[PDB]
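Taking it in order: structure first as structure tokens, then the write-up.
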Amino acid sequence: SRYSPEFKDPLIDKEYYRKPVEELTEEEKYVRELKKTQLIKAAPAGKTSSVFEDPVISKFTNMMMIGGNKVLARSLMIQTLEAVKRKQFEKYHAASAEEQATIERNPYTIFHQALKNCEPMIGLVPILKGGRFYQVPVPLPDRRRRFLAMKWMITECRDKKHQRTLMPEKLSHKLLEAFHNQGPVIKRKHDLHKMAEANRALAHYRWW
Amino acid sequence: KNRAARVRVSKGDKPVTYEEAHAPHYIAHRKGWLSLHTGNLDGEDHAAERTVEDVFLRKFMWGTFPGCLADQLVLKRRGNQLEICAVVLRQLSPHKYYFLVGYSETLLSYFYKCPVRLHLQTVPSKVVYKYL
Amino acid sequence: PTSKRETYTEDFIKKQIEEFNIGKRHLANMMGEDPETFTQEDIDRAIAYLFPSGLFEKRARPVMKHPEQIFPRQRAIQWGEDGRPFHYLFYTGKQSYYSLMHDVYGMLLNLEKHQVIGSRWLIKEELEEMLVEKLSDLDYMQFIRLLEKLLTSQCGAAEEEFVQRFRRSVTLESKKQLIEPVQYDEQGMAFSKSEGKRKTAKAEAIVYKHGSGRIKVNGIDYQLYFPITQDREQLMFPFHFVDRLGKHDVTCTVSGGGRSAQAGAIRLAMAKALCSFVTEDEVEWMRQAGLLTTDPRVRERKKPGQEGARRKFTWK
Amino acid sequence: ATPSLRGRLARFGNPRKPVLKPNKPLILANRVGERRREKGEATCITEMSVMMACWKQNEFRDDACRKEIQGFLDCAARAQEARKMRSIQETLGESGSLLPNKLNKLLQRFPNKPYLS
RNA sequence: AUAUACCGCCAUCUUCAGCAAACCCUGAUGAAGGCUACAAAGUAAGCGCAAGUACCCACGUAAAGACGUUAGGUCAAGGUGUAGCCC
RNA sequence: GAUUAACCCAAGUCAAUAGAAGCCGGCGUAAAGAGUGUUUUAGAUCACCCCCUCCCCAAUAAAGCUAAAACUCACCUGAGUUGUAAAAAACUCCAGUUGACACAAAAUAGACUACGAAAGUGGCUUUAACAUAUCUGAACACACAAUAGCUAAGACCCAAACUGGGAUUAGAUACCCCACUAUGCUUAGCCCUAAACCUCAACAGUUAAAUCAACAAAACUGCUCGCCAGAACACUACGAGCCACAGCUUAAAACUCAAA
Ligand SMILES: CN[C@@H]1[C@H](O[C@H]2[C@H](O[C@H]3[C@H](O)[C@@H](O)[C@H](NC(=N)N)[C@@H](O)[C@@H]3NC(=N)N)O[C@@H](C)[C@]2(O)C=O)O[C@@H](CO)[C@H](O)[C@H]1O
Ligand SMILES: [K+]
Ligand SMILES: [K+]
Ligand SMILES: [K+]
Ligand SMILES: [K+]
Ligand SMILES: [Mg+2]
Ligand SMILES: [Mg+2]
Ligand SMILES: [Mg+2]
Ligand SMILES: [Mg+2]
Ligand SMILES: [Mg+2]
Ligand SMILES: [Mg+2]
Ligand SMILES: [Mg+2]
Ligand SMILES: [Mg+2]
Ligand SMILES: [Mg+2]
Ligand SMILES: [Mg+2]
Ligand SMILES: [Mg+2]
Ligand SMILES: [Mg+2]
Ligand SMILES: [Mg+2]
Ligand SMILES: [Mg+2]
Ligand SMILES: [Mg+2]
Ligand SMILES: [Mg+2]
Ligand SMILES: [Mg+2]
Ligand SMILES: [Mg+2]
Ligand SMILES: [Mg+2]
Ligand SMILES: [Mg+2]
Ligand SMILES: [Mg+2]
Ligand SMILES: [Mg+2]
Ligand SMILES: [Mg+2]
Ligand SMILES: [Mg+2]
């Protein structure tokens, strides 16, 4: 790293600084003065102080990018958001008066919830006991299950079963199926849940 | 491991000179250059002909002043002129030094078609920087 | 034995003091100065002209200093002709270090009987100069533990002077951005000019005090110059943070680098020039947000034996 | 009361058969052994068994077993904090017995002398 | 021809931290060994690391990197000891 | 090997061979305290003086007894039990509760340190009972001696060489699983071995001096018996003796090495 350990990460939160001094707690007040002395890193290009910034949609864009082509990864994400937006408007005008109250049209609320319906609770880790590897169920951490949800959605879409379908139409179709708890990505979570509950007899091999 | 222009450590009875005590990675940090011309500058030429003259001059002086050279030569070029600067021991008689100055200056001036001047600096004994 | 440590006596150093004074009057005759008012800075300037050396190491260049700054301080003879050591703690080996611990421990006993920012404790390397004695790390810590113990107690006025000697000073540079001088053009409009740098891109930004939020990069509207939205977001960032969008007119000229290197360089220039039209408190928030710091991340060189800067050729 | 050592080891004056056959001389050392690592106790197992039993009944649906999952989730968070708190606090905090590293500095100040000087 | 005679230039452990002259002490004057900071026999020039320097700084990257190890590599860079050829 | 020079002896030289110089030292680990005790012929001076851990805790032999667990049988219930790093085989009149029920083996106490010559002895009771008023004293006399093993007749919970089956493995005459036998137990005879090693003989005594190669369990003195003198061949061969007949005890040499 070209930054020294002295350099601290910057805080882009715009509503934090505005906080009145009257609300500042004694511990928080101290921190603010301390940061003045500290050196701060330059904010990276990815994150700004905009009101539309979403850390989950920026991380999902970085996990699809290939070779630093972020203009294409971001383009696919926005096309997908617009495809989810246009498909729900088409399902809202053709719905009954009482069916329109249960139709979500915000593509973000769909993206965050669909990824939450794919997060597994427990995973399988190979442990070496008696010169053999056993896939014992282990509790996945919060980050791990948030990462697996994104990786599986991108692997399913990348999978070469759909012969000639553009990513925005594929990613949009999988996000709407996981929103209703359907599709292979959800099924892939169940298959990992069915193998962790069948091999619960080997839940003592692990130590941590 | 790297070996170039390095004097390996000894018990402590080996005397080395400043130039002999510094390795190649100090040539522009703690040492200068023994030859100074323009051949190697950007856009200059005749770098291969100034080099052959240096290799021969250092051998001509080593065999013409045997046992008398305390340290390496410092060759200097200013236009047509070539200046040889040397550190020599005081063992040899002065009469013989003046003979070698007029013989080497003249011989090398007719060989490289240039005015050659030699500047001796006698020292009692080989200056010692440290004992490796 | 051929190798002997170069020992310099007082008589040798006394003869070196006379050669420098005479050499100091000769160097002034060469340069045509007055010998009397010939300081050491002029000697450093005259020796750098007469003996020009381009050696990167400044300790390997010609130097004509006073013999008290060249020759190191040496432990003086520690006994008379009779042979009795002057000091009573000579046989300890560290008579200077132990005489100090004996004095500090003696002041801590008197206290019982009758009963800060910008400063740092003398470093180990600086404490061996006051005593002319080699000291281990552990011995230095022991000494610091007694001084701190001294401070906690209700030390008298004299003791404060004693401790102060061992407390060196550190000049801390206030982490405050340097405001640019507001200028005025022919028409009378106020503005501030600053410069930025990102990778290989260099940018100059002029920020007018009053404007309608118009930005011209190299004479072209920013949206035309920057098609990618991300680049435009970087331009907005400084102004959005200080909640003053659509209030200034910017005229910048960026050269070098690429698409994303040019925006970063402009962001930093605008941000620096926008600190002159905001309060001190807002400038500190910009600093804590990473808007006034120059990103030092630049391309790393490739090494002769590797595929890349850090990537290695495949191991067979 | 430390057990006796009279007529236990094979010697010249002892006429009877030896009682003890030590492979290492019975002489106190100037150091103690390092504390072993504990196997540890698995946490959130009861919350993890009632949450995987609900999936089988509800065919692994996360809409009917929401309450059970929180028990297994909240537990993991509390258990994670305890592990961080326990490791750092035990070494820094002084409770009960001392640690070998600090206890061997005390036994080396009063070394056992099985020799004469 | 011999790298198993060598110089010379390198690899490697080294993405190491050792290395060591000269003294001293212990062990009954054996090969050997040599720390405890609320200190119990070690002191140490020198080599290295380190520090300095180069590049865009204090960061990082280069460079540097001892003594040794593998009779490691190369007599076909050149030179060279030994043995051999000389219509 | 030849040549040159040199060294030693010298009318001799010096290759082979033989001989001449061999016991007051040792025995925890180098070769040596040979499993135990007794005595004889005899030797010793530790025997008179002169003195200090009788008895009791897990000696031995005989007879009798039984708390925990197990096997078996019976009832009731269940449909499986066993096995494990993980499996297979095996069993399914199987398993669990309850109750009845040993010619086997003896938690805790025992952090004790005792008895006995040693081997060895650790559940309860009872009987008999534990040599010697100097010491030493045997491969063989006399009498004992773990485990294993033989012969004969009984017993049988469990364990278990062999064997059979299952698995592993390149193979597996093994380690892991299952089952079962000789055997371990009793009675009567035999066998006579051990890393029978506390590898440190018995008796008496000392703690001073040179403490003492090393390690281990500090170093010595007196007295006596036993044993041992390079390694290996060799816990062999022959001979003798023995209820031992693939045995035990005692126990060489040749060849070979220059070390062990
Ligand atoms: C000091 N000498 C040591 C000794 O060497 C000995 C060694 O002797 C060997 C005999 O020839 C052989 O017949 C003998 N072979 C038998 N079957 N007995 C070897 O055992 C013997 N080696 C030995 N005892 N260590 O070989 C011989 C040629 C030797 O060099 C004679 O001096 O033994 C050698 C190892 O055997 C060591 O390497 C040598 O240093
Ligand atoms: K070489
Ligand atoms: K050659
Ligand atoms: K060559
Ligand atoms: K034993
Ligand atoms: Mg690349
Ligand atoms: Mg042992
Ligand atoms: Mg080589
Ligand atoms: Mg650096
Ligand atoms: Mg490098
Ligand atoms: Mg360095
Ligand atoms: Mg023996
Ligand atoms: Mg015995
Ligand atoms: Mg025997
Ligand atoms: Mg019992
Ligand atoms: Mg007797
Ligand atoms: Mg006899
Ligand atoms: Mg016998
Ligand atoms: Mg028997
Ligand atoms: Mg029997
Ligand atoms: Mg059985
Ligand atoms: Mg079999
Ligand atoms: Mg049987
Ligand atoms: Mg025994
Ligand atoms: Mg006896
Ligand atoms: Mg023998
Ligand atoms: Mg035998
Ligand atoms: Mg026999
Ligand atoms: Mg016979």
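For the structure tokens, the naming scheme is as follows: chains receive sequential letters (A, B, ...) according to their order of presentation, residues are indexed from 1 within each chain, and ligands are indexed from 1 in presentation order.
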
Which residues are near ligand 12 - at most 9 Å, using only C-alpha atoms (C1' of nucleotides) and all ligand atoms? Format: as a PDB file with N, CA, C and O atoms (P, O5', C5', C4', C3', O3' and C1' of nucleotides), in the first residue's frame.
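Resulting contents of pocket-v9.pdb:
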```pdb
ATOM      1  P     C F  27      34.102 -51.907  40.832  1.00  0.00           P
ATOM      2  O5'   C F  27      32.839 -52.732  40.339  1.00  0.00           O
ATOM      3  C5'   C F  27      32.758 -53.205  39.008  1.00  0.00           C
ATOM      4  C4'   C F  27      31.848 -54.397  38.882  1.00  0.00           C
ATOM      5  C3'   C F  27      30.769 -54.529  39.937  1.00  0.00           C
ATOM      6  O3'   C F  27      29.641 -53.742  39.633  1.00  0.00           O
ATOM      7  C1'   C F  27      31.826 -56.621  39.599  1.00  0.00           C
ATOM      8  P     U F  29      26.064 -53.571  35.965  1.00  0.00           P
ATOM      9  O5'   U F  29      25.535 -52.999  34.582  1.00  0.00           O
ATOM     10  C5'   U F  29      24.304 -52.305  34.509  1.00  0.00           C
ATOM     11  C4'   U F  29      24.317 -51.234  33.453  1.00  0.00           C
ATOM     12  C3'   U F  29      25.403 -51.345  32.397  1.00  0.00           C
ATOM     13  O3'   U F  29      25.021 -52.213  31.345  1.00  0.00           O
ATOM     14  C1'   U F  29      25.290 -49.122  33.219  1.00  0.00           C
ATOM     15  P     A F  30      26.011 -53.345  30.787  1.00  0.00           P
ATOM     16  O5'   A F  30      27.229 -52.529  30.177  1.00  0.00           O
ATOM     17  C5'   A F  30      28.415 -52.314  30.924  1.00  0.00           C
ATOM     18  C4'   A F  30      29.619 -52.260  30.028  1.00  0.00           C
ATOM     19  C3'   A F  30      30.470 -53.520  29.987  1.00  0.00           C
ATOM     20  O3'   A F  30      29.989 -54.437  29.025  1.00  0.00           O
ATOM     21  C1'   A F  30      31.823 -51.531  30.083  1.00  0.00           C
ATOM     22  P     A F  31      29.446 -55.890  29.447  1.00  0.00           P
ATOM     23  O5'   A F  31      30.619 -56.862  29.007  1.00  0.00           O
ATOM     24  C5'   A F  31      30.394 -58.252  28.868  1.00  0.00           C
ATOM     25  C4'   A F  31      31.310 -59.046  29.755  1.00  0.00           C
ATOM     26  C3'   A F  31      30.893 -59.149  31.210  1.00  0.00           C
ATOM     27  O3'   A F  31      29.980 -60.215  31.403  1.00  0.00           O
ATOM     28  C1'   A F  31      33.232 -58.698  31.019  1.00  0.00           C
ATOM     29  P     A F  32      28.499 -59.966  31.962  1.00  0.00           P
ATOM     30  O5'   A F  32      28.516 -60.712  33.360  1.00  0.00           O
ATOM     31  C5'   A F  32      28.815 -59.976  34.524  1.00  0.00           C
ATOM     32  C4'   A F  32      29.626 -60.757  35.522  1.00  0.00           C
ATOM     33  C3'   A F  32      29.450 -60.306  36.974  1.00  0.00           C
ATOM     34  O3'   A F  32      28.570 -61.142  37.689  1.00  0.00           O
ATOM     35  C1'   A F  32      31.692 -59.994  36.315  1.00  0.00           C
ATOM     36  P     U F 199      17.319 -50.600  39.532  1.00  0.00           P
ATOM     37  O5'   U F 199      18.511 -51.655  39.527  1.00  0.00           O
ATOM     38  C5'   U F 199      18.766 -52.480  38.399  1.00  0.00           C
ATOM     39  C4'   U F 199      19.297 -53.829  38.805  1.00  0.00           C
ATOM     40  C3'   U F 199      20.662 -53.813  39.470  1.00  0.00           C
ATOM     41  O3'   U F 199      20.801 -54.924  40.357  1.00  0.00           O
ATOM     42  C1'   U F 199      20.822 -54.907  37.378  1.00  0.00           C
TER      43        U F 199
END
```

**Request:** Enumerate residues in contact with ligand 15: an atom-to-atom distance of at most 7 Å, counting only C-alpha atoms (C1' of nucleotides) and all ligand atoms. Format the result as an NGL selection string.
**Result:** :F and (106-107 or 123)

Would you output that residue set with N, CA, C and O atoms (P, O5', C5', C4', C3', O3' and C1' of nucleotides), as a PDB file, in the first residue's frame?
```
ATOM      1  P     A F 106      -7.918 -61.690  41.836  1.00  0.00           P
ATOM      2  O5'   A F 106      -8.384 -60.185  42.073  1.00  0.00           O
ATOM      3  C5'   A F 106      -8.540 -59.670  43.393  1.00  0.00           C
ATOM      4  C4'   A F 106      -9.794 -58.846  43.541  1.00  0.00           C
ATOM      5  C3'   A F 106      -9.865 -57.991  44.797  1.00  0.00           C
ATOM      6  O3'   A F 106     -10.689 -56.852  44.567  1.00  0.00           O
ATOM      7  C1'   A F 106     -11.538 -59.653  44.892  1.00  0.00           C
ATOM      8  P     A F 107     -10.045 -55.384  44.495  1.00  0.00           P
ATOM      9  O5'   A F 107     -11.302 -54.422  44.357  1.00  0.00           O
ATOM     10  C5'   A F 107     -11.278 -53.110  44.893  1.00  0.00           C
ATOM     11  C4'   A F 107     -11.899 -52.115  43.951  1.00  0.00           C
ATOM     12  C3'   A F 107     -11.658 -50.649  44.261  1.00  0.00           C
ATOM     13  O3'   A F 107     -10.416 -50.179  43.773  1.00  0.00           O
ATOM     14  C1'   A F 107     -13.948 -51.006  43.765  1.00  0.00           C
ATOM     15  P     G F 123      -7.844 -58.683  49.402  1.00  0.00           P
ATOM     16  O5'   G F 123      -8.908 -58.500  50.567  1.00  0.00           O
ATOM     17  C5'   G F 123      -9.581 -57.267  50.752  1.00  0.00           C
ATOM     18  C4'   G F 123     -11.048 -57.479  51.019  1.00  0.00           C
ATOM     19  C3'   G F 123     -11.392 -58.292  52.250  1.00  0.00           C
ATOM     20  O3'   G F 123     -11.311 -57.557  53.457  1.00  0.00           O
ATOM     21  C1'   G F 123     -12.678 -59.048  50.432  1.00  0.00           C
TER      22        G F 123
END
```

**Message:** Using only C-alpha atoms (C1' of nucleotides) and all ligand atoms, which residues have at least one atom no more than 10 Å from ligand 14? Output them as a PyMOL selection string.
**Reply:** chain F and resi 34-35+193-194+196+235

**Request:** Please write out the residues within 10 Å of ligand 29 as number ranges by chain, counting only C-alpha atoms (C1' of nucleotides) and all ligand atoms.
**Result:** F: 237-240

**Request:** Kindly give the distance, in Å, that separates atom CA of residue 140 of chain A and atom CA of residue 122 of chain A, rounded to a single decimal.
**Result:** 5.2 Å

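Residue nearest ligand 16, chosen from F:138, F:148, F:21, F:155 and counting only C-alpha atoms (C1' of nucleotides) and all ligand atoms: F:138.
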
**Request:** From segment 54-94 of chain B, collect each residue whose DSSP state is alpha helix (DSSP H) and return the set as a PyMOL selection string.
**Result:** chain B and resi 54-64+94
